[PDB]
$ cat target37.cif   # mmCIF, C-alpha atoms; chains and numbers go by the auth columns
data_input
loop_
_atom_site.group_PDB
_atom_site.id
_atom_site.type_symbol
_atom_site.label_atom_id
_atom_site.label_comp_id
_atom_site.label_asym_id
_atom_site.label_seq_id
_atom_site.Cartn_x
_atom_site.Cartn_y
_atom_site.Cartn_z
_atom_site.B_iso_or_equiv
_atom_site.auth_seq_id
_atom_site.auth_asym_id
ATOM 1 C CA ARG A 1 74.930 94.686 94.447 0.00 1 A
ATOM 2 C CA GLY A 2 78.510 94.932 93.122 0.00 2 A
ATOM 3 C CA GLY A 3 80.142 97.869 91.297 0.00 3 A
ATOM 4 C CA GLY A 4 83.527 99.616 90.952 0.00 4 A
ATOM 5 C CA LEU A 5 85.481 102.232 92.945 0.00 5 A
ATOM 6 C CA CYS A 6 87.461 105.015 91.220 0.00 6 A
ATOM 7 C CA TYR A 7 89.365 107.875 92.901 0.00 7 A
ATOM 8 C CA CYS A 8 90.781 110.874 90.991 0.00 8 A
ATOM 9 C CA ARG A 9 92.790 113.837 92.345 0.00 9 A
ATOM 10 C CA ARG A 10 95.273 116.383 90.911 0.00 10 A
ATOM 11 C CA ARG A 11 96.960 114.747 87.866 0.00 11 A
ATOM 12 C CA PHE A 12 96.515 111.086 88.885 0.00 12 A
ATOM 13 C CA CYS A 13 93.676 108.527 89.145 0.00 13 A
ATOM 14 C CA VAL A 14 93.310 105.061 90.722 0.00 14 A
ATOM 15 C CA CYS A 15 90.471 102.501 90.522 0.00 15 A
ATOM 16 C CA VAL A 16 89.933 99.225 92.427 0.00 16 A
ATOM 17 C CA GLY A 17 87.473 96.334 91.951 0.00 17 A
ATOM 18 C CA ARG A 18 86.922 92.808 93.330 0.00 18 A
ATOM 19 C CA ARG B 1 102.318 104.280 80.464 0.00 1 B
ATOM 20 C CA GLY B 2 100.071 106.441 78.246 0.00 2 B
ATOM 21 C CA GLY B 3 96.264 106.783 78.379 0.00 3 B
ATOM 22 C CA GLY B 4 94.617 104.728 81.152 0.00 4 B
ATOM 23 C CA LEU B 5 95.506 101.187 82.293 0.00 5 B
ATOM 24 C CA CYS B 6 93.229 98.600 83.956 0.00 6 B
ATOM 25 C CA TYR B 7 93.524 94.839 84.608 0.00 7 B
ATOM 26 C CA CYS B 8 92.226 92.226 87.089 0.00 8 B
ATOM 27 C CA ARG B 9 94.640 89.772 88.769 0.00 9 B
ATOM 28 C CA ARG B 10 94.228 86.982 91.367 0.00 10 B
ATOM 29 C CA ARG B 11 90.873 87.574 93.141 0.00 11 B
ATOM 30 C CA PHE B 12 90.799 91.370 92.701 0.00 12 B
ATOM 31 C CA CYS B 13 91.087 93.922 89.860 0.00 13 B
ATOM 32 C CA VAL B 14 93.457 96.923 89.939 0.00 14 B
ATOM 33 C CA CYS B 15 93.350 99.838 87.462 0.00 15 B
ATOM 34 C CA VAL B 16 95.159 103.210 87.452 0.00 16 B
ATOM 35 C CA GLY B 17 94.880 106.335 85.264 0.00 17 B
ATOM 36 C CA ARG B 18 97.222 109.317 84.763 0.00 18 B
#

$ encode --input "target37.cif" --output "structure tokens"
Amino acid sequence: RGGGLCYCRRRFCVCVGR
Amino acid sequence: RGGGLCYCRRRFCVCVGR
């Protein structure tokens, strides 16, 4: 199935989806 | 920017948080 990817580290976060 | 931002463009979505 589909979903979403989110990465968080230190004082910053980034998410990506298609 | 403040808070968290997230938006989808072209054929892929890109969101970032700080």

$ resolve_selection --input "target37.cif" --expression "the PyMOL selection byres ((chain B) within 6 of (chain A))" --output "ChimeraX atom specification"
/B:12-18

$ calpha_fit_and_write --input "target37.cif" --fixed "chain B" --moving "chain A" --output "PDB file with C-alpha atoms, in the coordinates of the input"
ATOM      1  CA  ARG A   1     101.494 108.765  74.473  1.00  0.00           C
ATOM      2  CA  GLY A   2      99.175 108.317  77.482  1.00  0.00           C
ATOM      3  CA  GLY A   3      96.955 105.315  78.308  1.00  0.00           C
ATOM      4  CA  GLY A   4      95.632 103.363  81.320  1.00  0.00           C
ATOM      5  CA  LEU A   5      96.965 100.593  83.596  1.00  0.00           C
ATOM      6  CA  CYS A   6      94.738  97.722  84.794  1.00  0.00           C
ATOM      7  CA  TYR A   7      95.789  94.717  86.915  1.00  0.00           C
ATOM      8  CA  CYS A   8      93.552  91.669  87.507  1.00  0.00           C
ATOM      9  CA  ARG A   9      94.259  88.561  89.625  1.00  0.00           C
ATOM     10  CA  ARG A  10      92.162  85.888  91.404  1.00  0.00           C
ATOM     11  CA  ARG A  11      88.752  87.468  92.226  1.00  0.00           C
ATOM     12  CA  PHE A  12      89.852  91.131  92.342  1.00  0.00           C
ATOM     13  CA  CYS A  13      90.932  93.860  89.880  1.00  0.00           C
ATOM     14  CA  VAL A  14      92.541  97.314  90.223  1.00  0.00           C
ATOM     15  CA  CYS A  15      93.182 100.052  87.625  1.00  0.00           C
ATOM     16  CA  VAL A  16      95.156 103.321  87.888  1.00  0.00           C
ATOM     17  CA  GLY A  17      95.420 106.370  85.593  1.00  0.00           C
ATOM     18  CA  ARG A  18      96.895 109.899  85.705  1.00  0.00           C
TER      19      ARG A  18
END

$ axis_aligned_box --input "target37.cif" --around "stretch 3-7 of chain A" --padding-each-side "4 Å" --output "JSON"
{"center_x": 84.8, "center_y": 102.9, "center_z": 91.9, "size_x": 17.2, "size_y": 18.0, "size_z": 10.0}

$ build_atoms --input "target37.cif" --residues "chain A" --atoms "N, CA, C and O atoms" --output "PDB file, in the coordinates of the input"
ATOM      1  N   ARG A   1      74.375  95.168  95.746  1.00  0.00           N
ATOM      2  CA  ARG A   1      74.930  94.686  94.447  1.00  0.00           C
ATOM      3  C   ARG A   1      76.421  95.022  94.352  1.00  0.00           C
ATOM      4  O   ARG A   1      76.989  95.626  95.242  1.00  0.00           O
ATOM      5  N   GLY A   2      77.057  94.635  93.278  1.00  0.00           N
ATOM      6  CA  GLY A   2      78.510  94.932  93.122  1.00  0.00           C
ATOM      7  C   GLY A   2      78.686  96.201  92.288  1.00  0.00           C
ATOM      8  O   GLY A   2      77.727  96.783  91.817  1.00  0.00           O
ATOM      9  N   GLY A   3      79.903  96.636  92.101  1.00  0.00           N
ATOM     10  CA  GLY A   3      80.142  97.869  91.297  1.00  0.00           C
ATOM     11  C   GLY A   3      81.648  98.093  91.138  1.00  0.00           C
ATOM     12  O   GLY A   3      82.417  97.157  91.045  1.00  0.00           O
ATOM     13  N   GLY A   4      82.072  99.329  91.105  1.00  0.00           N
ATOM     14  CA  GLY A   4      83.527  99.616  90.952  1.00  0.00           C
ATOM     15  C   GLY A   4      83.876 100.905  91.698  1.00  0.00           C
ATOM     16  O   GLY A   4      83.067 101.804  91.813  1.00  0.00           O
ATOM     17  N   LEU A   5      85.075 101.000  92.205  1.00  0.00           N
ATOM     18  CA  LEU A   5      85.481 102.232  92.945  1.00  0.00           C
ATOM     19  C   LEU A   5      86.585 102.965  92.178  1.00  0.00           C
ATOM     20  O   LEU A   5      87.575 102.379  91.786  1.00  0.00           O
ATOM     21  N   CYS A   6      86.421 104.243  91.961  1.00  0.00           N
ATOM     22  CA  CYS A   6      87.461 105.015  91.220  1.00  0.00           C
ATOM     23  C   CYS A   6      87.756 106.334  91.938  1.00  0.00           C
ATOM     24  O   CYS A   6      86.863 107.098  92.246  1.00  0.00           O
ATOM     25  N   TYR A   7      89.006 106.605  92.204  1.00  0.00           N
ATOM     26  CA  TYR A   7      89.365 107.875  92.901  1.00  0.00           C
ATOM     27  C   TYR A   7      90.264 108.730  92.003  1.00  0.00           C
ATOM     28  O   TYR A   7      91.233 108.252  91.446  1.00  0.00           O
ATOM     29  N   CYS A   8      89.947 109.988  91.855  1.00  0.00           N
ATOM     30  CA  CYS A   8      90.781 110.874  90.991  1.00  0.00           C
ATOM     31  C   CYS A   8      91.143 112.160  91.741  1.00  0.00           C
ATOM     32  O   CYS A   8      90.315 112.756  92.403  1.00  0.00           O
ATOM     33  N   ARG A   9      92.371 112.590  91.640  1.00  0.00           N
ATOM     34  CA  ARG A   9      92.790 113.837  92.345  1.00  0.00           C
ATOM     35  C   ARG A   9      94.026 114.436  91.663  1.00  0.00           C
ATOM     36  O   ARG A   9      94.911 113.725  91.229  1.00  0.00           O
ATOM     37  N   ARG A  10      94.094 115.740  91.565  1.00  0.00           N
ATOM     38  CA  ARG A  10      95.273 116.383  90.911  1.00  0.00           C
ATOM     39  C   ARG A  10      95.501 115.774  89.515  1.00  0.00           C
ATOM     40  O   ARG A  10      94.588 115.695  88.717  1.00  0.00           O
ATOM     41  N   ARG A  11      96.701 115.344  89.209  1.00  0.00           N
ATOM     42  CA  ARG A  11      96.960 114.747  87.866  1.00  0.00           C
ATOM     43  C   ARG A  11      97.191 113.239  87.992  1.00  0.00           C
ATOM     44  O   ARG A  11      98.125 112.696  87.433  1.00  0.00           O
ATOM     45  N   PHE A  12      96.347 112.560  88.723  1.00  0.00           N
ATOM     46  CA  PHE A  12      96.515 111.086  88.885  1.00  0.00           C
ATOM     47  C   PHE A  12      95.171 110.437  89.245  1.00  0.00           C
ATOM     48  O   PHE A  12      94.335 111.037  89.891  1.00  0.00           O
ATOM     49  N   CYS A  13      94.963 109.216  88.830  1.00  0.00           N
ATOM     50  CA  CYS A  13      93.676 108.527  89.145  1.00  0.00           C
ATOM     51  C   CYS A  13      93.933 107.059  89.494  1.00  0.00           C
ATOM     52  O   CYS A  13      94.861 106.448  89.002  1.00  0.00           O
ATOM     53  N   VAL A  14      93.117 106.490  90.340  1.00  0.00           N
ATOM     54  CA  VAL A  14      93.310 105.061  90.722  1.00  0.00           C
ATOM     55  C   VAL A  14      91.953 104.379  90.928  1.00  0.00           C
ATOM     56  O   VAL A  14      91.080 104.904  91.593  1.00  0.00           O
ATOM     57  N   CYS A  15      91.770 103.216  90.361  1.00  0.00           N
ATOM     58  CA  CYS A  15      90.471 102.501  90.522  1.00  0.00           C
ATOM     59  C   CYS A  15      90.706 101.099  91.089  1.00  0.00           C
ATOM     60  O   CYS A  15      91.726 100.484  90.847  1.00  0.00           O
ATOM     61  N   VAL A  16      89.767 100.588  91.842  1.00  0.00           N
ATOM     62  CA  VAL A  16      89.933  99.225  92.427  1.00  0.00           C
ATOM     63  C   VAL A  16      88.624  98.438  92.313  1.00  0.00           C
ATOM     64  O   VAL A  16      87.546  98.987  92.440  1.00  0.00           O
ATOM     65  N   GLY A  17      88.711  97.157  92.073  1.00  0.00           N
ATOM     66  CA  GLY A  17      87.473  96.334  91.951  1.00  0.00           C
ATOM     67  C   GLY A  17      87.749  94.918  92.459  1.00  0.00           C
ATOM     68  O   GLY A  17      88.881  94.479  92.519  1.00  0.00           O
ATOM     69  N   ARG A  18      86.721  94.198  92.825  1.00  0.00           N
ATOM     70  CA  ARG A  18      86.922  92.808  93.330  1.00  0.00           C
ATOM     71  C   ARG A  18      86.074  91.825  92.519  1.00  0.00           C
ATOM     72  O   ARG A  18      84.963  92.182  92.165  1.00  0.00           O
TER      73      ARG A  18
END
